[PDB]
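**Student:** Input: one structure, supplied below.
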Amino acid sequence: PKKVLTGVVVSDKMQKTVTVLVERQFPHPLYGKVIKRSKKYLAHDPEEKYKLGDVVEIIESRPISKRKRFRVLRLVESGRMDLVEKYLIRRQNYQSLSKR
Amino acid sequence: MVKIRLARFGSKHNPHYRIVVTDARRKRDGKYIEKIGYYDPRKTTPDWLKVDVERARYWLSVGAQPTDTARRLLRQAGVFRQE
Amino acid sequence: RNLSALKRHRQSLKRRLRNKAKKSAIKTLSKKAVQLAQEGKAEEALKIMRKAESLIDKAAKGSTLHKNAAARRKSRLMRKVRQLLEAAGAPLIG
Amino acid sequence: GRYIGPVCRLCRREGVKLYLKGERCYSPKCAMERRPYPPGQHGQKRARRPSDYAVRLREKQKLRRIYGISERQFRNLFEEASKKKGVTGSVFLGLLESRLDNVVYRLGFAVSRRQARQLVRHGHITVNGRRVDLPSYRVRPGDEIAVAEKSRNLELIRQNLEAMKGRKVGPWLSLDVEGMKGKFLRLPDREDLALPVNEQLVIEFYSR
RNA sequence: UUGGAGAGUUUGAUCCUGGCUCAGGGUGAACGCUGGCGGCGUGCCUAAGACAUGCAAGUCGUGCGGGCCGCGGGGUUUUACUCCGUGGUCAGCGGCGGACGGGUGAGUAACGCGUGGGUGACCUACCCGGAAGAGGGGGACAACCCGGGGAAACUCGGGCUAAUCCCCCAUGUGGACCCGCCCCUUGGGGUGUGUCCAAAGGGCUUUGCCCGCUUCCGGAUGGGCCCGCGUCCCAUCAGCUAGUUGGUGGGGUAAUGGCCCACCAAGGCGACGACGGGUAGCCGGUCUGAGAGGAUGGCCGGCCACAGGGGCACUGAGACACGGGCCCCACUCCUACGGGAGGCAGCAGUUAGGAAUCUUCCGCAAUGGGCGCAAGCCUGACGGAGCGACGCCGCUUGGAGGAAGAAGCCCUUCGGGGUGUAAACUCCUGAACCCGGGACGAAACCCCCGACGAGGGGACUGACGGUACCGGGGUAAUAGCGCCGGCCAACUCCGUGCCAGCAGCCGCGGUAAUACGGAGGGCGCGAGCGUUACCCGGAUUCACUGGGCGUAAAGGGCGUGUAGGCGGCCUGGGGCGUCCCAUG
RNA sequence: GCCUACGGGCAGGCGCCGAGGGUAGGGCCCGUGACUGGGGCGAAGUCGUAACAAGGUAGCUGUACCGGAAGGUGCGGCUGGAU
Ligand SMILES: [Zn+2]
């Protein structure tokens, strides 16, 4: 069963590619409470249809670019920046906390 | 070319074999495919050899040259008796 | 300080030269057939493509052409030809 | 070194009669008769209250020394006994009483436990048909622990059975003196044992 | 519910906090004292240091041609020269095997490994099955012969010649590629025209059977690539990245792919810890633990990684190839100083280093592997032996009787206590040792009959080993180490005198030492016992189980709010977490 | 040049990449080390008495300056100050 993940487009700067934020949930291997973790997959859009802030289903595909082995399945829920915003503010925060 | 052979399992002076099926190229005592009987050289137990012809037949069918000695045990089991 | 299982190297050389002349042979022929289609020599071009296709499949018979290898070469050649024969249509032979 | 040194001295260390020599440990002399004090230059001295450990200890030994068996086996047994479904203590005495060398003793084919050993190592013992020299061997229920045809006319053994006409055999055992045979019926029950020990202490000891 | 023991130690004394310590189990061990036996297992943990010697992969004359030595037979009236057959021997050409098996852990924190999946992105020698075919023509190179270079290793040139080596031509069951359509649905399948592609012979019991050969579909086994989850320490490492992230096209592969190139775009990753550094092959399992967890990952098995250091490709089903190749580098050795020759991390051994880790043994009988129609060849894979108490397990040094109790040694309140049934002595059994018998493991392939099927009959063949083991005969025949103040089972005397020394911790020793040193005695364990080192444990002393922060060590000097965590009542949908069933 | 059925193949040549080296500069880690801070230990000398009782000028403390020394003083804070 080729894997399927549901996530969100966060990046749309690339060519025919979209970065998808995929959230996963699970009990901590020892402490027990539900930890929420995530990963970004570089999906693949041929006809450049998928747009930022769209939730999509990812499916395991034939290797494409170095680190781009997934095609996008179908659009789940369109228009929902809400989530992006988070990813974004988190990224921005990164600018802080350093030795520059 | 997958063969059908024995596997050392006894010990120092206590050989106890294991009829199995595996790819030629593997070790004697290495990862086999489907264990189909064991044979006891010394014959201490009235049950010093078993087989399950049903599976034996599978292999040969699919193509699996058995060891000379190996075969001998399959013959004793009536692996090929067509009557 | 000897070992007769070296005859193999004594042999490999034989095949190195063997394979070599065949492989290159193809390259040349392909590269030949190619520049023909550029000029639009519908007749001869193929006259050559054909000598090509053969050579390829001939090495495929042996240990010179991996198998599907012949195939790729058969695709990458013919395709590169058909297309060029658009700059001046009508394939003479076939 | 499976012990073998001064004996009815241990009869003395424990303060309880240790039937280690048989005849004699019945005549006024397993020494406990007339010299109950323990050995040593301080035997006759007032003894201080024994630490929990001490009792747990002394009682292990009492068990052990009776069967006269190198701690290593003894502890091994106790280990094997913990792995069996049962009362961790009763089962202990189980194998403990199931050793070939012991059996012979209970069967009466010998004056004492010690004596029984030799009888075994020298091979005067049949077991379900074949001889056996390994005492530590475990006599399964329903085995004919006997005497070798060869050994039957023995000045020892003979004089022993002669005595048997006059003593009942353990309830879990049978024997046909007439033919010098004997069978091991079933594992003996704690209630059946006589031993002046308290397994509980023994068990309690092996958890330190 | 088959499962969980604590103690010493800060005080004049208490309680608490808290650390240190011990008892337990274990080891691929080492050192010390002692050391009889057998069975099974196991033995470089350190210099992946350097390595003499020997052996560790070859095999086919039922693929083809010959050289050396020799034998038998032919054509010769005879001689020289020759024709056939043949034994040994050599190597070549050609096929298969060398890509398995053996080692080792350096590297590696990584899709490397664990786990579960994908492959419409794949290959797969030999095996099995099913379908189809093997027609005609030609060629080269060793061996061999002639010559030249070199100290050597070896090398150059000229000429002959066979084949299941090579080439060409035809047939095409079929298969390939382009294009078109029909079905599917990422490069899956059907189909049409065009084009391209086959092949070797050998053996007999030779009018047929065996081995082998060609194209294709399928099988089986083996494997490449890919993805999700899992995967050590440091934040006194915080920002890393330029083929770097993506796109088009092209190359390259069995194949997807920045893997590689060109051009274009400007990206990609990072506190859910990027990058940097440190360390380590990973797992099944194993050790400990009541468990949760912690520790480990040698022997055995599975996967990876290297085969002096680094680079690279060839040949091939498969290698970027430990005992194949090309180059540079370090090192060793030959050298006529031009130039070469080497790689034990295979078995055994050598030396070095170290606390420390074995025999240059036996056998190819068995199991396995290769090559062979087979007989058979090779197999330091293996199966055995040997050395090491290095581990575990079994076993012995005897059994019974024997004094109100020898002697000696120890103690004493001098009367006696003790060592001690211990000894002596009595009888009995009888390890060692001696003689005889003597093994399974081994039944095949082969041969014969039968249809080289099934089935049945015959023959050969053991390293261990004259060993195990049975029978008979047969001697009373090794014991040692630690400890004895508390934890902690085991107490007296003497010597000593803060000395000599002990010591894990608290401590002990300045003339009365249950703590030093000997002795008598005693406890503990027994061919062993101690010691050191290291793991888990005790330690709920990193606390998920299962901790804390008023004064014991601990609340951030306060606020503000970012990420993030956490969140009120009723009803419904979805059901991701979550629970149940089946199944792989 | 070598071979050829003249289609073409080998030899050779050039080129890219490239192990490695050279020169310049930077960074980072190991060994040895002159010179040098303090530290902890231990019986114990020396000068003084800071702290512990209101320790005999209550103590403690951030800071600041000063001084054989411990410490004294200013300023602020605290009670973990006796009456
Ligand atoms: Zn007695």
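Identifiers in this document derive from the order of the structure tokens: chains are assigned A, B, ..., residues are numbered from 1 separately in each chain, and ligands are numbered from 1 in order of occurrence.
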Return as a list in words the residues of protein, DNA or RNA that approach ligand 1 to within 10 Å, with only C-alpha atoms (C1' of nucleotides) and all ligand atoms taken into account.
**Tutor:**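 Using only C-alpha atoms (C1' of nucleotides) and all ligand atoms, I find these residues within 10 Å of ligand 1: residues 6, 7, 8, 9, 10, 11, 12, 17, 18, 19, 20, 21, 22, 23, 24, 25, 26, 27, 28, 29, 30, 31, 32 and 33 of chain D; 421 of chain E.
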**Student:** Those residues with C-alpha atoms (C1' of nucleotides), as a PDB file, in the first residue's frame please?
**Tutor:**
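Dumped to out-v3.pdb:
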```pdb
ATOM      1  CA  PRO D   6      34.971 -35.720  60.370  1.00  0.00           C
ATOM      2  CA  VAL D   7      31.250 -36.447  60.609  1.00  0.00           C
ATOM      3  CA  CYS D   8      29.040 -36.961  63.713  1.00  0.00           C
ATOM      4  CA  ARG D   9      30.613 -33.493  64.589  1.00  0.00           C
ATOM      5  CA  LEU D  10      28.024 -31.811  62.381  1.00  0.00           C
ATOM      6  CA  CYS D  11      25.451 -34.090  64.291  1.00  0.00           C
ATOM      7  CA  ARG D  12      27.092 -31.662  66.935  1.00  0.00           C
ATOM      8  CA  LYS D  17      20.633 -35.540  65.594  1.00  0.00           C
ATOM      9  CA  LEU D  18      22.204 -36.074  62.153  1.00  0.00           C
ATOM     10  CA  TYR D  19      21.827 -39.585  61.020  1.00  0.00           C
ATOM     11  CA  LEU D  20      25.100 -39.610  59.175  1.00  0.00           C
ATOM     12  CA  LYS D  21      26.630 -42.836  60.201  1.00  0.00           C
ATOM     13  CA  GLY D  22      23.575 -45.059  60.781  1.00  0.00           C
ATOM     14  CA  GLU D  23      24.422 -47.920  63.198  1.00  0.00           C
ATOM     15  CA  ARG D  24      26.285 -46.178  65.933  1.00  0.00           C
ATOM     16  CA  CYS D  25      24.270 -42.950  65.561  1.00  0.00           C
ATOM     17  CA  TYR D  26      21.886 -45.225  67.542  1.00  0.00           C
ATOM     18  CA  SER D  27      24.437 -46.600  70.144  1.00  0.00           C
ATOM     19  CA  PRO D  28      25.143 -44.100  72.872  1.00  0.00           C
ATOM     20  CA  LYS D  29      27.298 -42.031  70.495  1.00  0.00           C
ATOM     21  CA  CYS D  30      26.087 -39.903  67.412  1.00  0.00           C
ATOM     22  CA  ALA D  31      27.950 -37.967  70.137  1.00  0.00           C
ATOM     23  CA  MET D  32      24.944 -35.806  70.672  1.00  0.00           C
ATOM     24  CA  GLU D  33      24.426 -38.463  73.242  1.00  0.00           C
TER      25      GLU D  33
ATOM     26  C1'   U E 421      35.623 -41.230  65.836  1.00  0.00           C
TER      27        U E 421
END
```
**Student:** Could you find all residues in chain A that DSSP calls alpha helix (DSSP H) from the backbone, and write them as a list in words?
**Tutor:**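 After running DSSP on the backbone, chain A has alpha helix (DSSP H) at residues 81, 82, 83, 84, 85, 86, 87, 88, 89, 90, 91, 92, 93 and 94 of chain A.
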**Student:** Using N, CA and C atoms, can you write the selected residues to a file as a PDB file, in the first residue's frame?
**Tutor:**
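The resulting file, selection34.pdb, is reproduced below:
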```pdb
ATOM      1  N   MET A  81      -5.005  29.480   5.470  1.00  0.00           N
ATOM      2  CA  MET A  81      -3.745  30.117   5.850  1.00  0.00           C
ATOM      3  C   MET A  81      -3.411  29.897   7.311  1.00  0.00           C
ATOM      4  N   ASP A  82      -4.461  29.894   8.115  1.00  0.00           N
ATOM      5  CA  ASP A  82      -4.392  29.698   9.551  1.00  0.00           C
ATOM      6  C   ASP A  82      -3.186  28.889   9.930  1.00  0.00           C
ATOM      7  N   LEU A  83      -3.079  27.731   9.289  1.00  0.00           N
ATOM      8  CA  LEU A  83      -2.002  26.806   9.572  1.00  0.00           C
ATOM      9  C   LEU A  83      -0.655  27.286   9.083  1.00  0.00           C
ATOM     10  N   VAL A  84      -0.661  27.870   7.895  1.00  0.00           N
ATOM     11  CA  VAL A  84       0.565  28.371   7.328  1.00  0.00           C
ATOM     12  C   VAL A  84       1.143  29.352   8.315  1.00  0.00           C
ATOM     13  N   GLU A  85       0.327  30.349   8.650  1.00  0.00           N
ATOM     14  CA  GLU A  85       0.687  31.426   9.578  1.00  0.00           C
ATOM     15  C   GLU A  85       1.547  30.907  10.689  1.00  0.00           C
ATOM     16  N   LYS A  86       1.083  29.833  11.308  1.00  0.00           N
ATOM     17  CA  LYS A  86       1.829  29.228  12.391  1.00  0.00           C
ATOM     18  C   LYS A  86       3.234  28.898  11.923  1.00  0.00           C
ATOM     19  N   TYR A  87       3.307  28.048  10.904  1.00  0.00           N
ATOM     20  CA  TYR A  87       4.583  27.638  10.347  1.00  0.00           C
ATOM     21  C   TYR A  87       5.448  28.854  10.114  1.00  0.00           C
ATOM     22  N   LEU A  88       4.821  29.893   9.611  1.00  0.00           N
ATOM     23  CA  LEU A  88       5.544  31.082   9.313  1.00  0.00           C
ATOM     24  C   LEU A  88       6.101  31.792  10.505  1.00  0.00           C
ATOM     25  N   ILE A  89       5.250  32.052  11.482  1.00  0.00           N
ATOM     26  CA  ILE A  89       5.705  32.754  12.656  1.00  0.00           C
ATOM     27  C   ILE A  89       6.811  31.988  13.320  1.00  0.00           C
ATOM     28  N   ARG A  90       6.706  30.661  13.302  1.00  0.00           N
ATOM     29  CA  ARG A  90       7.731  29.823  13.898  1.00  0.00           C
ATOM     30  C   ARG A  90       9.043  30.060  13.166  1.00  0.00           C
ATOM     31  N   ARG A  91       8.992  30.014  11.832  1.00  0.00           N
ATOM     32  CA  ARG A  91      10.169  30.237  10.993  1.00  0.00           C
ATOM     33  C   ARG A  91      10.777  31.600  11.343  1.00  0.00           C
ATOM     34  N   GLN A  92       9.954  32.642  11.302  1.00  0.00           N
ATOM     35  CA  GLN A  92      10.424  33.983  11.622  1.00  0.00           C
ATOM     36  C   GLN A  92      11.144  33.979  12.965  1.00  0.00           C
ATOM     37  N   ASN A  93      10.550  33.350  13.963  1.00  0.00           N
ATOM     38  CA  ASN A  93      11.171  33.324  15.262  1.00  0.00           C
ATOM     39  C   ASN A  93      12.569  32.868  15.214  1.00  0.00           C
ATOM     40  N   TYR A  94      12.823  31.965  14.288  1.00  0.00           N
ATOM     41  CA  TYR A  94      14.156  31.452  14.161  1.00  0.00           C
ATOM     42  C   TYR A  94      15.173  32.571  14.041  1.00  0.00           C
TER      43      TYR A  94
END
```
**Student:** May I ask which of the residues C:78, C:60, C:23, C:43 is the closest one to chain F, counting only C-alpha atoms (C1' of nucleotides)?
**Tutor:**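 Ranked by minimum distance to chain F, first place goes to C:23.
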**Student:** For residue 70 in chain E, find every residue with an atom within 12 Å (counting only C-alpha atoms (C1' of nucleotides)), except residues of its own chain fewer than 3 positions away, and show them as JSON, numbers by chain.
**Tutor:** {"E": [86, 87, 88, 89]}
**Student:** Between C1' of residue 151 in chain E and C1' of residue 330 in chain E, what is the spacing in Å?
**Tutor:** 27.5 Å
**Student:** Pull out every residue of chain B that has at least one atom within 9 Å of chain E, counting only C-alpha atoms (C1' of nucleotides), and report them as a PyMOL selection string.
**Tutor:** chain B and resi 1-3+5-8+11-15+17+22-31+41-43+59-65+68-69+72+80-83
**Student:** Can you spit out the residues from that selection as a PDB file, in the first residue's frame, using C-alpha atoms?
**Tutor:**
```
ATOM      1  CA  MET B   1      19.678 -23.093  -8.210  1.00  0.00           C
ATOM      2  CA  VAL B   2      17.936 -23.830  -4.983  1.00  0.00           C
ATOM      3  CA  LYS B   3      18.908 -27.201  -3.471  1.00  0.00           C
ATOM      4  CA  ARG B   5      19.800 -30.285   1.982  1.00  0.00           C
ATOM      5  CA  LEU B   6      20.784 -31.232   5.538  1.00  0.00           C
ATOM      6  CA  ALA B   7      21.980 -28.870   8.346  1.00  0.00           C
ATOM      7  CA  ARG B   8      24.257 -29.609  11.267  1.00  0.00           C
ATOM      8  CA  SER B  11      26.943 -31.178  18.405  1.00  0.00           C
ATOM      9  CA  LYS B  12      30.362 -32.694  18.967  1.00  0.00           C
ATOM     10  CA  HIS B  13      29.643 -36.308  18.111  1.00  0.00           C
ATOM     11  CA  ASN B  14      25.936 -35.780  18.308  1.00  0.00           C
ATOM     12  CA  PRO B  15      24.974 -35.017  14.723  1.00  0.00           C
ATOM     13  CA  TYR B  17      20.298 -33.034  10.839  1.00  0.00           C
ATOM     14  CA  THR B  22      17.510 -23.124   0.441  1.00  0.00           C
ATOM     15  CA  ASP B  23      19.484 -21.355  -2.280  1.00  0.00           C
ATOM     16  CA  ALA B  24      22.605 -23.283  -3.165  1.00  0.00           C
ATOM     17  CA  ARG B  25      24.852 -20.392  -2.298  1.00  0.00           C
ATOM     18  CA  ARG B  26      23.943 -20.143   1.430  1.00  0.00           C
ATOM     19  CA  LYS B  27      25.839 -21.667   4.355  1.00  0.00           C
ATOM     20  CA  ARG B  28      25.145 -25.152   5.750  1.00  0.00           C
ATOM     21  CA  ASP B  29      23.876 -23.811   9.019  1.00  0.00           C
ATOM     22  CA  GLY B  30      22.573 -20.592   7.443  1.00  0.00           C
ATOM     23  CA  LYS B  31      19.159 -19.052   6.784  1.00  0.00           C
ATOM     24  CA  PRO B  41      22.126 -40.090  11.705  1.00  0.00           C
ATOM     25  CA  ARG B  42      22.691 -42.181  14.861  1.00  0.00           C
ATOM     26  CA  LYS B  43      18.954 -43.120  15.162  1.00  0.00           C
ATOM     27  CA  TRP B  59       9.858 -27.887  -4.269  1.00  0.00           C
ATOM     28  CA  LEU B  60      11.026 -30.535  -6.713  1.00  0.00           C
ATOM     29  CA  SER B  61       8.068 -29.526  -8.802  1.00  0.00           C
ATOM     30  CA  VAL B  62       9.134 -25.875  -8.862  1.00  0.00           C
ATOM     31  CA  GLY B  63      12.660 -27.108  -9.462  1.00  0.00           C
ATOM     32  CA  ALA B  64      14.922 -27.887  -6.603  1.00  0.00           C
ATOM     33  CA  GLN B  65      17.783 -30.327  -7.082  1.00  0.00           C
ATOM     34  CA  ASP B  68      22.519 -37.051  -3.141  1.00  0.00           C
ATOM     35  CA  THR B  69      22.265 -38.026   0.495  1.00  0.00           C
ATOM     36  CA  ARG B  72      18.014 -40.815  -0.308  1.00  0.00           C
ATOM     37  CA  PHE B  80       8.710 -40.164  -5.189  1.00  0.00           C
ATOM     38  CA  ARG B  81       6.826 -43.489  -4.932  1.00  0.00           C
ATOM     39  CA  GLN B  82       4.358 -43.482  -7.804  1.00  0.00           C
ATOM     40  CA  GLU B  83       2.093 -46.544  -7.378  1.00  0.00           C
TER      41      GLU B  83
END
```
**Student:** Leaving out residue 184 in chain D and any residue of its chain fewer than 6 positions from it, which residues lie within 6 Å of it when counting only C-alpha atoms (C1' of nucleotides), given as number ranges by chain?
**Tutor:** D: 141-143, 173
**Student:** Write the residues of the preceding selection, restricted to N, CA and C atoms, as a PDB file, in the first residue's frame.
**Tutor:**
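Below you can see part-v8.pdb, which holds the result:
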```pdb
ATOM      1  N   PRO D 141       9.300 -41.674  38.925  1.00  0.00           N
ATOM      2  CA  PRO D 141       8.384 -42.582  39.613  1.00  0.00           C
ATOM      3  C   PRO D 141       8.202 -43.814  38.755  1.00  0.00           C
ATOM      4  N   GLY D 142       8.126 -44.967  39.406  1.00  0.00           N
ATOM      5  CA  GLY D 142       7.939 -46.207  38.692  1.00  0.00           C
ATOM      6  C   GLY D 142       9.223 -46.736  38.100  1.00  0.00           C
ATOM      7  N   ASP D 143      10.299 -46.699  38.875  1.00  0.00           N
ATOM      8  CA  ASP D 143      11.571 -47.239  38.412  1.00  0.00           C
ATOM      9  C   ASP D 143      11.989 -48.357  39.372  1.00  0.00           C
ATOM     10  N   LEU D 173       7.333 -45.830  48.687  1.00  0.00           N
ATOM     11  CA  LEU D 173       8.201 -46.881  48.187  1.00  0.00           C
ATOM     12  C   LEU D 173       7.822 -48.305  48.509  1.00  0.00           C
TER      13      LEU D 173
END
```
**Student:** Just give me the gap between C1' of residue 277 in chain E and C1' of residue 236 in chain E in Å, one decimal is fine.
**Tutor:**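 Separation of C1' of residue 277 in chain E and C1' of residue 236 in chain E: 12.3 Å.
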**Student:** Residue 62 in chain C: which residues within 12 Å, counting only C-alpha atoms (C1' of nucleotides), same-chain residues fewer than 6 positions away excluded, as JSON, numbers by chain?
**Tutor:** {"C": [15, 18, 19, 22, 23, 55, 56, 69, 70], "E": [166, 197, 198, 316]}
**Student:** Output N, CA and C atoms (P, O5', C5', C4', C3', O3' and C1' of nucleotides) of each residue in that selection to a file, as a PDB file, in the first residue's frame.
**Tutor:**
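Below is the file selection.pdb, written as the result:
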```pdb
ATOM      1  N   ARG C  15      38.214  -9.925 -24.556  1.00  0.00           N
ATOM      2  CA  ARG C  15      36.851  -9.409 -24.658  1.00  0.00           C
ATOM      3  C   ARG C  15      36.794  -7.870 -24.611  1.00  0.00           C
ATOM      4  N   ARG C  18      37.277  -7.050 -27.867  1.00  0.00           N
ATOM      5  CA  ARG C  18      36.077  -7.551 -28.518  1.00  0.00           C
ATOM      6  C   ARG C  18      34.914  -6.555 -28.392  1.00  0.00           C
ATOM      7  N   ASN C  19      34.433  -6.358 -27.168  1.00  0.00           N
ATOM      8  CA  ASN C  19      33.312  -5.463 -26.899  1.00  0.00           C
ATOM      9  C   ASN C  19      33.525  -4.096 -27.555  1.00  0.00           C
ATOM     10  N   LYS C  22      32.967  -3.247 -31.162  1.00  0.00           N
ATOM     11  CA  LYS C  22      31.562  -3.329 -31.471  1.00  0.00           C
ATOM     12  C   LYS C  22      30.869  -2.053 -30.991  1.00  0.00           C
ATOM     13  N   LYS C  23      31.019  -1.733 -29.701  1.00  0.00           N
ATOM     14  CA  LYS C  23      30.369  -0.560 -29.113  1.00  0.00           C
ATOM     15  C   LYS C  23      30.597   0.723 -29.877  1.00  0.00           C
ATOM     16  N   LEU C  55      23.426  -3.650 -35.969  1.00  0.00           N
ATOM     17  CA  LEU C  55      24.620  -3.681 -35.134  1.00  0.00           C
ATOM     18  C   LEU C  55      24.346  -3.726 -33.652  1.00  0.00           C
ATOM     19  N   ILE C  56      23.377  -2.918 -33.266  1.00  0.00           N
ATOM     20  CA  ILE C  56      22.923  -2.832 -31.904  1.00  0.00           C
ATOM     21  C   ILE C  56      22.425  -4.199 -31.491  1.00  0.00           C
ATOM     22  N   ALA C  69      19.563  -2.546 -22.979  1.00  0.00           N
ATOM     23  CA  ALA C  69      20.560  -1.594 -23.431  1.00  0.00           C
ATOM     24  C   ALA C  69      20.391  -1.377 -24.907  1.00  0.00           C
ATOM     25  N   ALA C  70      20.279  -2.480 -25.638  1.00  0.00           N
ATOM     26  CA  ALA C  70      20.095  -2.421 -27.082  1.00  0.00           C
ATOM     27  C   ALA C  70      18.875  -1.565 -27.307  1.00  0.00           C
TER      28      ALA C  70
ATOM     29  P     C E 166      31.865 -17.070 -29.520  1.00  0.00           P
ATOM     30  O5'   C E 166      32.691 -16.327 -30.645  1.00  0.00           O
ATOM     31  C5'   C E 166      33.453 -15.193 -30.295  1.00  0.00           C
ATOM     32  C4'   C E 166      33.932 -14.501 -31.529  1.00  0.00           C
ATOM     33  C3'   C E 166      32.853 -14.182 -32.545  1.00  0.00           C
ATOM     34  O3'   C E 166      32.275 -12.916 -32.271  1.00  0.00           O
ATOM     35  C1'   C E 166      34.650 -15.292 -33.610  1.00  0.00           C
ATOM     36  P     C E 197      19.329  -8.332 -38.591  1.00  0.00           P
ATOM     37  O5'   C E 197      19.125  -9.018 -37.184  1.00  0.00           O
ATOM     38  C5'   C E 197      19.927  -8.634 -36.093  1.00  0.00           C
ATOM     39  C4'   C E 197      19.603  -9.503 -34.927  1.00  0.00           C
ATOM     40  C3'   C E 197      19.509 -10.977 -35.285  1.00  0.00           C
ATOM     41  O3'   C E 197      20.824 -11.544 -35.203  1.00  0.00           O
ATOM     42  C1'   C E 197      17.604 -10.310 -34.048  1.00  0.00           C
ATOM     43  P     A E 198      21.435 -12.401 -36.429  1.00  0.00           P
ATOM     44  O5'   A E 198      21.253 -13.884 -35.904  1.00  0.00           O
ATOM     45  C5'   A E 198      19.957 -14.350 -35.588  1.00  0.00           C
ATOM     46  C4'   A E 198      19.984 -15.155 -34.325  1.00  0.00           C
ATOM     47  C3'   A E 198      20.781 -16.446 -34.433  1.00  0.00           C
ATOM     48  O3'   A E 198      22.093 -16.183 -33.933  1.00  0.00           O
ATOM     49  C1'   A E 198      18.617 -16.838 -33.502  1.00  0.00           C
ATOM     50  P     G E 316      32.194  -9.652 -21.305  1.00  0.00           P
ATOM     51  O5'   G E 316      31.906 -11.114 -20.715  1.00  0.00           O
ATOM     52  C5'   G E 316      30.649 -11.419 -20.127  1.00  0.00           C
ATOM     53  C4'   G E 316      30.815 -11.776 -18.657  1.00  0.00           C
ATOM     54  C3'   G E 316      29.526 -11.701 -17.847  1.00  0.00           C
ATOM     55  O3'   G E 316      28.661 -12.792 -18.115  1.00  0.00           O
ATOM     56  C1'   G E 316      31.162 -10.530 -16.673  1.00  0.00           C
TER      57        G E 316
END
```
**Student:** Write out as a PDB file with N, CA and C atoms (P, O5', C5', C4', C3', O3' and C1' of nucleotides), in the first residue's frame which residues come within 10 Å of residue 6 in chain E when counting only C-alpha atoms (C1' of nucleotides), dropping same-chain ones fewer than 5 positions away.
**Tutor:**
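Printed below is selection00.pdb as written:
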```pdb
ATOM      1  N   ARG D 208      18.304 -13.467  50.012  1.00  0.00           N
ATOM      2  CA  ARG D 208      19.164 -12.402  50.548  1.00  0.00           C
ATOM      3  C   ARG D 208      20.026 -11.720  49.500  1.00  0.00           C
TER       4      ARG D 208
ATOM      5  P     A E  23      30.557  -6.245  48.142  1.00  0.00           P
ATOM      6  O5'   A E  23      29.592  -7.364  48.715  1.00  0.00           O
ATOM      7  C5'   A E  23      29.825  -7.921  50.004  1.00  0.00           C
ATOM      8  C4'   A E  23      28.539  -8.435  50.586  1.00  0.00           C
ATOM      9  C3'   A E  23      27.738  -9.196  49.556  1.00  0.00           C
ATOM     10  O3'   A E  23      28.136 -10.557  49.530  1.00  0.00           O
ATOM     11  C1'   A E  23      26.347  -7.697  50.784  1.00  0.00           C
ATOM     12  P     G E 538      17.961  -1.157  41.927  1.00  0.00           P
ATOM     13  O5'   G E 538      18.478  -0.924  43.420  1.00  0.00           O
ATOM     14  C5'   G E 538      17.758  -1.500  44.505  1.00  0.00           C
ATOM     15  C4'   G E 538      18.692  -2.012  45.566  1.00  0.00           C
ATOM     16  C3'   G E 538      19.210  -1.003  46.573  1.00  0.00           C
ATOM     17  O3'   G E 538      18.260  -0.894  47.649  1.00  0.00           O
ATOM     18  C1'   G E 538      20.966  -2.451  45.835  1.00  0.00           C
TER      19        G E 538
END
```
